[PDB]
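Since the structure comes first, as C-alpha cells, the remarks are kept for the end.
We use all heavy atoms of the structure for the numbers below, so side chains are in, but hydrogens, waters and symmetry mates are not. In what follows, every chain begins at residue 1, and chains take the letters A, B, ... in the order their sequences are listed.
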Amino acid sequence: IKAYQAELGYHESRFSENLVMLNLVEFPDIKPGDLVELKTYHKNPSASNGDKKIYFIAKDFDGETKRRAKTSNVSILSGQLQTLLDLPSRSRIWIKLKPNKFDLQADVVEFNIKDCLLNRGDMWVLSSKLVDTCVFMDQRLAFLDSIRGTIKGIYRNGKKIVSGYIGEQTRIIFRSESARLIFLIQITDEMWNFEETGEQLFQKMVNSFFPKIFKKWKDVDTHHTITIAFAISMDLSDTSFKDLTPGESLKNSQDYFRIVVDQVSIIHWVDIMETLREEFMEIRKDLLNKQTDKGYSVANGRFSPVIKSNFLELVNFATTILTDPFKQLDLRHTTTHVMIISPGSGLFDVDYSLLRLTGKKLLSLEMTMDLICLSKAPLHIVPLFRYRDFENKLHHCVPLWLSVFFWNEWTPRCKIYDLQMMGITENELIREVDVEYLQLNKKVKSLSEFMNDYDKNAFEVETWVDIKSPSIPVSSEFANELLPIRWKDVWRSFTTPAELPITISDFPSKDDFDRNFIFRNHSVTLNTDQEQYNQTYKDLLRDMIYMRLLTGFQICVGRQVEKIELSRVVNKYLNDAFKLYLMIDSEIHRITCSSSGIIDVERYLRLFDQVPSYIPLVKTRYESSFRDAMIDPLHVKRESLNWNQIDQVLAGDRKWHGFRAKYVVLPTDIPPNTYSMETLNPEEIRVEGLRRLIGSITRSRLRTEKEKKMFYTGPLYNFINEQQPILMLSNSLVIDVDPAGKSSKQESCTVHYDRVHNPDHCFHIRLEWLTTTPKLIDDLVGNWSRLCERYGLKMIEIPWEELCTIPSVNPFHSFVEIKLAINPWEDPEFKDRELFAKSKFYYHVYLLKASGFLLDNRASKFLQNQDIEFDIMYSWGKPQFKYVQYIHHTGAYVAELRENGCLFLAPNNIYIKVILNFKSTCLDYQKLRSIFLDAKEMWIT
Amino acid sequence: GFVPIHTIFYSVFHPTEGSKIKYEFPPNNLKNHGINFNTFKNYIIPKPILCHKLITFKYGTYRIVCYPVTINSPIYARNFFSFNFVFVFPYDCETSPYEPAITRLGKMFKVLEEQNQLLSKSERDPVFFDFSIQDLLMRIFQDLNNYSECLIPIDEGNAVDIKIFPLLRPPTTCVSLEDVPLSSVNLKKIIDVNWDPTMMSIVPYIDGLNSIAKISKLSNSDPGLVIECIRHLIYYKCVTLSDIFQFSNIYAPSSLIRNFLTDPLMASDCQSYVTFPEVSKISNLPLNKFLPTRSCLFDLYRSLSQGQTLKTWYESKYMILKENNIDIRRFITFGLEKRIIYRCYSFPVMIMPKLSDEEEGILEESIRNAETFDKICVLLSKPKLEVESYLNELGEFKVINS
C-alpha cells in the first residue's frame with residue numbers, strides 16, 4: 001500500500017459537517033467510507049510533530065467545496081482537530097489507506113460525561129451511533145445536541161494512541177464527572193492510632209485525603225454530589241481485644257451511623273470540610289458519654305477494632321440506596337460510587353452468611369466499593385476476609401468486588417502497636433519460655449549415640465476466591481484473575497467514576513447452566529394501537545434492551561456465549577437477526593428477533609433467612625439524638641423485577657411502578673416586565689400563568705401520524721360541599737417529550753395535573769415515564785420552569801414518596817422528629833373545646849403557615865370538617881398519605897403534620913439556614929408561645 | 001531523648017514591609033540570643049520553588065527547622081499569601097523526630113488557610129487582601145517540651161495533635177534461612193488484633209532453636225514472608241538472630257569472654273540457666289556403650305577452641321557436665337547470647353541415593369556462591385554427613401572453619 005502525499009486546507013462549519021474530507025476524483029483507489037490513515041511524516045520520527053497518526057473516514061468534497069477549494073487536497077474542519085494537528089496551511093502531509101478495519105479496532109475508547117444524566121441504555125444507544133466512526137483524543141462529541149463528551153483516552157494493544165477507530169468490538173467506556181459519591185468513614189479504635197511516621201489516621205483523612213480529592217475534583221472541574229457518613233461499631237463487652245479469636249466477630253455490639261454531609265454539591269467543599277471536622281471532633285462525646293437514668297452521664301463504651309468492625313453492615317448500608325432502580329432521578333448526576341475510608345490494612349473478620357449475602361447483593365447492583373486504607377500496605381494479599389465455618393474452621397478469602405487503595409527505602413508494613421507505642425513496661429514483657437531441656441529418645445544408651453541422633457535429626461521438619469493461607473503468596477496469573485466479571489471491561493476511578501459497562505465477556509458454563517437454573521420463556525409481539533405511531537418491532541426491541549440496561553443487564557459478547565449459543569450470530573448493538581444475551585447475577589436473558597415481529601425472550605433464573613435481623617442506630621444531619629433506623633440494611637435487596645408485565649406494558653396493575661417524579665409549582669415574586677403586560681391582580685396573572693402552563697402541557701400531547709397529516713380559597717371539603725361515587729381530581733394526558741425529533745425513538749410520558757387550585761395549596765404535576773430519555777424530561781422541566789418564572793411562579797421538583805417513608809428507603813437523607821414545646825391540648829393557657837372541635841390542628845397549621853410552609857395534601861382527612869363523596873381518587877391512583885404534608889414556599893424543605901401534633905421535617909435534596917430557624921422556633925418556649933398567642937388573637941378578633 | 005524547642009515563632013509576609021515575625025514564644029527570645037531574622041529572612045519566606053519543602057539550616061549554635069507555605073489566590077494582596085511556622089533547636093542534637101511534626105503542622109495550616117482563610121484573617125488587618133496565634137505557640141512549645149505530645153484545639157473542628165516518635169534504624173537484609181531467631185520479649189502478650197496473620201503464626205515457634213526454614217515449614221508459611229516478619233521484629237528490637245545448634249559446630253571464645261567475670265549477674269544467670277531442673281537421664285548416659293559453680297562454667301567456656309568441634313569438646317569434657325548436671329545446648333546458647341563465644345562457620349570450598357535435578361542444581365548454586373554447610377544443609381533438608389558425601393561425589397573440597 002503506497003503512501004499518498006497531500007497538501008492541507010481548512011474550512012468553516014457553514015460549508016460541511018464532516019471532519020476530514022478528501023477528493024474521490026484525486027484518489028480513485030480509495031473507496032468512500034474507508035478507514036484512511038493520515039500522517040505528516042518523511043519516514044522519520046521528527047521530534048513530536050513528525051509522529052502524528054490520525055484516523056478518519058474517506059468522504060468526498062461538497063459542491064461548494066469543489067467550487068472553492070483548488071490548491072488544498074485535504075479539507076479539515078477548523079477547531080480541535082486543527083489545534084491537534086498544529087500545522088500551517090498548504091503543508092505537506094501523507095495519506096495511507098487501510099482496507100482492514102477489524103484489526104484496527106481500538107480496544108478502549110474513553111468518554112467523559114459532565115453535568116447531565118445519561119442512562120446505561122443511553123450509553124448503549126450512543127455507542128450504537130459510534131459504530132464505524134473514527135475518533136481522536138480530547139474530541140468534544142455530542143448526543144442529541146445537548147450531551148457533550150470528551151474522549152480522554154484511546155487504547156490499542158496495550159498502548160495509548162492519539163487517534164483510534166471505533167468498531168463493533170470496541171469496548172467503549174463511559175465515565176462520569178457528574179456523579180453521586182458516598183464516603184463511609186469507618187470510625188474505629190484505629191482512627192486515633194498513630195502511624196509509624198507520627199500521624200493519627202484521621203489527621204491523614206482530613207488533611208491529606210479529603211483536601212487532595214477536592215482539589216483534584218476542582219482541577220478536572222467535576223460537578224459531583226458528595227455524601228459523607230460516619231460508621232461506628234461499639235463494643236459492649238468488657239473482654240480485652242487481645243482475647244479475641246481471629247475469624248469470629250464481636251458477639252455483643254451496637255452499630256451507629258452518623259451522616260455528616262448529605263447529598264451536597266462539591267462546590268461547597270469549605271462547608272463540607274467544616275461539617276466533617278466538627279462532627280469528627282464531636283463523635284467521641286456523642287458516643288462514649290452514655291446517659292444513665294439516674295440523672296447523670298457515665299463515660300462508658302468502646303469503639304470496635306477495624307478487623308472486628310461491621311464492614312459488611314457498612315457495605316449493606318451503602319447498598320440500601322440502590323435497591324430500587326425506579327427511584328427518584330438525579331437528573332444532573334450519573335454514577336453511584338461508594339468509597340470506604342478505613343484505618344486498617346484490608347483485613348476483616350466477617351460472618352460467613354453475611355459475606356454470602358453481601359456478595360450476592362453487590363453482584364446485582366451498579367456500585368464499585370473502592371476501599372481506601374490509611375495504613376500501609378501489608379504483607380498479605382488485599383482485601384483479606386477471615387471467617388469461621390459451621391465446623392469452627394478458619395478460612396481466608398479475597399472478595400472480587402472490593403478494590404483496595406492505600407494513601408501515602410524500607411517501610412514498616414507490619415503493625416506492632418504495643419512496641420511502637422511502648423505500651424508494655426520493660427519489666428513485664430521479659431521472656432518467660434526459654435530453650436528446651438534436651439529431652440531424650442528412650443532409644444539411646446550412649447552419649448555419642450545421642451550426639452549422632454541429634455546431628456542426624458538437626459534439620460528435620462463466585463464472590464470470593466479461597467486463599468489457602470495468607471503467609472504463602474499467589475502467582476502472577478492468580479493476581480491477574482482478581483477482578484470482577486461484571487466490571488471486567490474497564491486515580492481515574494476516584495475522580496471520574498465509571499458506570500456499569502454495557503458488555504460482559506463471561507457466561508456460566510454448560511454444566512452450570514443445567515445445574516442451578518430454571519427456564520422461563522416470553523413471546524411478546526407488537527400491538528396494533530402502537531403501530532399507529534412510528535413504532536416497529538426494532539425500536540420496541542431496543543426499548544426492552546433499554547429497560548434491561550436500566551435495571552443492570554449487560555449485553556454479553558465474547559467466546560463463552562458464542563460457544564454456548566452453537567450448542568443449541570451474537571449481537572451487541574442493533575437486518576432481522578438481533579440475538580443478544582443480557583446477564584445479571586440473578587437471571588440471564590437471551591433475546592432473539594425475526595422479520596415477523598415476535599420477540600423471543602428466554603429467562604434463565606438462578607440465604608436471606610440465615611442472617612439475623614439488624615436494625616442499627618442512625619443519626620442524620622438535622623438530628624441531635626441517635627434513633628433506631630427504619631430499614632434493615634442487610635435484608636433490603638434488589639428484587640427480581642416482574643419482567644413479564646414490563647414487556648407487556650412496553651408492548652401496549654398492582655405492585656408495579658415505573659420511573660416517576662412529582663412536580664410542585666409555587667407562587668413566588670413577579671418580574672417587573674410582567675407588570676407591564678392591562679393592569680391585573682397578581683393573583684390574576686398567577687392564575688393566568690397556571691392556565692398557560694396547563695395549555696402548554698396540553699399542547700405537548702403526543703399525536704399519531706394519522707392525525708398529523710375551578711379556583712377558590714379555603715379547605716377542600718368546604719368547596720366540595722359548596723358545589724354539591726368517585727370524583728377524579730386530576731386529568732390524564734400522554735405527552736410527547738421531544739417535539740424536535742432529536743432522538744430516533746418515541747418519547748411518550750403520562751401527565752396528571754390538578755383540576756382545582758388554591759393560592760394556599762400546592763399545585764401538582766406528575767410525570768410517569770418508562771423508557772424515555774431523562775435529558776429530554778429535564779429540558780422539558782426547564783422549559784416549564786422558565787414559563788412559570790416568566791409569570792411569577794416557581795416549578796420545583798419534589799419526592800413522590802411520603803416524607804415519613806424516606807428513613808425506610810434512603811438512610812442517608814436528613815429527617816428529624818419535631819416535638820413542639822407548647823401543647824395546646826395539655827397547656828391550660830390555650831385550651832378550648834369549641835376551637836379544637838372546629839379545628840383540631842389549628843395551632844399547628846398556623847405555625848406552619850407563619851413559617852412559610854404551603855400545604856401539599858389537599859385531600860387530607862386530618863384537617864376536615866365533614867365527609868361526602870365516599871370515594872376520592874386522583875388520576876394516578878389513590879392518595880396513600882399517612883400524615884399532612886407541607887411544602888416550603890422556597891421548596892427547599894418539606895414538612896409533615898401527624899395525628900399527635902408532632903411534625904416531620906426534611907430538606908428537598910433533589911432541588912438542592914431556614915431549616916435551623918424553623919427547628920429553633922419549634923423548640924423555643926418564647927417563639928412558639930408568641931406564635932400561638934398571635935393565633936389566639938387572630939381567632940378572637 | 002527528644003531535644004526541647006528553643007524558640008517557636010510564626011513569620012508572615014506583609015505586603016507592605018515584606019517578611020516579618022508576627023508572633024514569637026518565648027517573647028524576644030531571638031534578639032536575646034543574638035539571632036537576627038533579617039539574615040535568614042529569604043529562607044523563611046523563599047521563592048515558591050523552595051516553598052512547601054522542609055527547610056532546615058544552621059544559624060550559629062542553633063538549628064532552624066521550618067516548612068514555608070505559599071498559597072496563590074486572587075483573594076490576597078499581591079496574588080499570594082506566605083507564612084512559616086518556624087521551629088528553632090540547638091545545633092548539637094537530632095531534629096529528625098521533629099521534622100514530620102513541623103511538616104504536618106505546615107501542611108495542616110496550608111489546608112486550613114486554603115479552606116477558611118484562618119491565618120490571613122487572624123491578623124485583623126485588611127491589607128493582606130485585595131483564635132490566638134500566641135496562645136497556640138505557647139501551648140505547642142510547652143506541650144512538646146513537657147510531654148512530647150499535644151492536643152490543642154484551635155476551632156470547633158480543628159486541633160493540633162502532635163506526637164513525637166523516635167526514629168529507628170532499618171533492619172538488615174542479611175537475615176537468611178539458616179538463622180535461628182531468639183525472642184528477647186514475651187511475644188504472646190504483645191499480640192493484639194492488629195498484628196499480621198503471618199507474624200501471629202510465627203510467634204509460637206520462635207523458641208530459640210528453630211531455623212527460619214523450620215519455622216516456615218512448621219507454620220505453613222512462605223520463607224520470604226517469614227524473613228520480612230523477622231525483619232519487622234528486628235526493627236522493633238525484640239528478635240536477635242543466631243545459629244543452628246549442632247554437635248558438629250565449632251565454638252570459640254570471643255573477646256568478651258572476660259564479661260563472664262566483670263558482670264554481677266551473668267554467672268548467676270548461667271548457674272540458674274544451664275542446669276537441668278532434675279537429675280536428668282543425660283547425666284546418667286555413658287560416653288560409649290547443688291548448682292554448678294561459676295568457676296566450672298568459666299573453665300568450660302574457655303576450653304572451647306577453633307578447629308575443635310563440639311563433639312570432641314563434649315567427649316573430652318563429659319564427666320564435668322554429667323556431675324554438674326549441665327545442659328550443653330543451654331550452655332552454648334547462654335554463651336552465644338552474652339556474646340562471650342562465637343561460632344566458626346564451615347565453608348565447603350572446591351579447588352548414597354541418586355540426587356535429584358533440582359537438588360543438584362541448588363547444591364551447585366550453593367557451591368558456586370561459597371555458602372556455609374548450614375545453608376546447604378537447610379536447603380537440601382539433610383544432615384552434614386549426607387552433604388559431605390554428595391560433595392565428595394561431586395568433587396574434592398576443603399572446609400574452612402572461620
Approximate separation, where rounding is to 0.5 Å, of [X] [atom1] and [Y] [atom2]:
{"X": "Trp269(A)", "Y": "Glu114(B)", "atom1": "CH2", "atom2": "CD", "result": "6.5 Å"}
{"X": "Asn158(B)", "Y": "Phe280(A)", "atom1": "CG", "atom2": "CZ", "result": "12.5 Å"}
{"X": "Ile326(B)", "Y": "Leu438(A)", "atom1": "CD1", "atom2": "CG", "result": "13.0 Å"}
{"X": "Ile328(B)", "Y": "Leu447(A)", "atom1": "CD1", "atom2": "CG", "result": "8.0 Å"}
{"X": "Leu310(B)", "Y": "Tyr454(A)", "atom1": "CG", "atom2": "OH", "result": "10.5 Å"}
{"X": "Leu112(B)", "Y": "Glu274(A)", "atom1": "CG", "atom2": "CD", "result": "10.0 Å"}

Does any backbone or side-chain atom of [X] lie under 4.5 Å from a heavy atom of chain B? Answer side chain, backbone, both or neither.
{"X": "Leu429(A)", "value": "both"}
{"X": "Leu379(A)", "value": "both"}
{"X": "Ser345(A)", "value": "neither"}
{"X": "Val306(A)", "value": "neither"}
{"X": "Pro470(A)", "value": "both"}
{"X": "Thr197(A)", "value": "both"}
{"X": "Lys215(A)", "value": "neither"}
{"X": "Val461(A)", "value": "both"}
{"X": "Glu436(A)", "value": "both"}
{"X": "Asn193(A)", "value": "side chain"}

I need the residue from [options] with the largest number of non-hydrogen atom pairs under 4.5 Å to chain A.
{"options": "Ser183(B), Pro100(B), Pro166(B), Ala213(B)", "result": "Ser183(B)"}
{"options": "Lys110(B), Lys214(B), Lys217(B), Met200(B)", "result": "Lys214(B)"}
{"options": "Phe245(B), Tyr318(B), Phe276(B)", "result": "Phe245(B)"}
{"options": "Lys289(B), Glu386(B), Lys163(B)", "result": "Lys163(B)"}
{"options": "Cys229(B), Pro171(B), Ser216(B)", "result": "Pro171(B)"}
{"options": "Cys377(B), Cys238(B), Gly157(B), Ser219(B)", "result": "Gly157(B)"}

Where does [X] contact chain A at under 4.5 Å (heavy atoms): side chain, backbone, both or neither?
{"X": "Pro286(B)", "result": "both"}
{"X": "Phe165(B)", "result": "side chain"}
{"X": "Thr333(B)", "result": "side chain"}
{"X": "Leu209(B)", "result": "side chain"}
{"X": "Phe334(B)", "result": "neither"}
{"X": "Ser283(B)", "result": "neither"}
{"X": "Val185(B)", "result": "both"}
{"X": "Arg329(B)", "result": "both"}
{"X": "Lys382(B)", "result": "backbone"}

Best-contacting candidate, [options], against chain B by heavy atom pairs under 4.5 angstrom:
{"options": "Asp455(A), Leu276(A), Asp418(A)", "answer": "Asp455(A)"}
{"options": "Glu409(A), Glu282(A), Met421(A)", "answer": "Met421(A)"}
{"options": "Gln420(A), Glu449(A), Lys456(A), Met273(A)", "answer": "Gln420(A)"}

key: Ion pair check, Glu337(B) and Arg431(A), cut-off under 4.0 Å   =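 Yes.
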Distance-only, no hydrogens or angles: does the [X] side chain make a donor-acceptor pair with backbone N or O of [Y] under 3.5 Å?
{"X": "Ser448(A)", "Y": "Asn288(B)", "answer": "no"}
{"X": "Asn186(B)", "Y": "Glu432(A)", "answer": "no"}
{"X": "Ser471(A)", "Y": "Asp222(B)", "answer": "no"}
{"X": "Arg330(B)", "Y": "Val435(A)", "answer": "yes"}
{"X": "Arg231(B)", "Y": "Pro412(A)", "answer": "no"}

Tell me the closest heavy-atom pair linking [X] and [Y], and the distance in Å.
{"X": "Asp327(B)", "Y": "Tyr437(A)", "value": "OD2-C, 3.6 Å"}
{"X": "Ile416(A)", "Y": "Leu233(B)", "value": "CD1-CD2, 3.8 Å"}
{"X": "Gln115(B)", "Y": "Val270(A)", "value": "NE2-O, 3.1 Å"}
{"X": "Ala159(B)", "Y": "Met281(A)", "value": "CB-CE, 4.3 Å"}
{"X": "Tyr236(B)", "Y": "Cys414(A)", "value": "OH-O, 3.9 Å"}
{"X": "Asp161(B)", "Y": "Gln200(A)", "value": "OD2-OE1, 3.7 Å"}

query = Any residues in residues 187-197 of chain B near chain A, with a heavy-atom distance under 4.5 Å, and which are they?
reply = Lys189(B), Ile190(B), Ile191(B), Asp192(B), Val193(B), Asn194(B), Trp195(B), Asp196(B), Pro197(B)
Check: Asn452(A)/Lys311(B) side-chain N/O donor and acceptor closer than 3.5 Å = yes
request  = Check whether any side-chain heavy atom of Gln203(A) sits under 4.5 Å from a side-chain heavy atom of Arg104(B), and report yes or no.
outcome  = no
request  = Decide yes or no for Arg413(A) and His232(B): does some side-chain heavy atom of the first lie under 4.5 Å from some side-chain heavy atom of the second?
outcome  =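 With C-beta onward as the side chain, the pair touches.
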Inspect the surroundings of [atom1] in [X] and state if more than 12 heavy atoms from other residues, nucleotides or ligands are less than 6.0 Å away.
{"X": "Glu426(A)", "atom1": "CD", "answer": "no"}
{"X": "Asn252(A)", "atom1": "CG", "answer": "yes"}
{"X": "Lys121(B)", "atom1": "NZ", "answer": "yes"}

task = For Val111(B) and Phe210(A), run side-chain contact (heavy atoms from CB on, under 4.5 Å): C-alpha distance rounded to whole Å, both residues' side-chain angles, the deciding distance at 0.1 Å, then the answer.
result = CA-CA 10 Å; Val111(B) 164; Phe210(A) 273 117; over 6 Å; no
query = Does the side-chain contact (heavy atoms from CB on, under 4.5 Å) test come out yes or no for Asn220(B) and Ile472(A), once each step is laid out?
reply = CA-CA 8 Å; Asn220(B) 299 79; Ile472(A) 50 171; over 6 Å; no
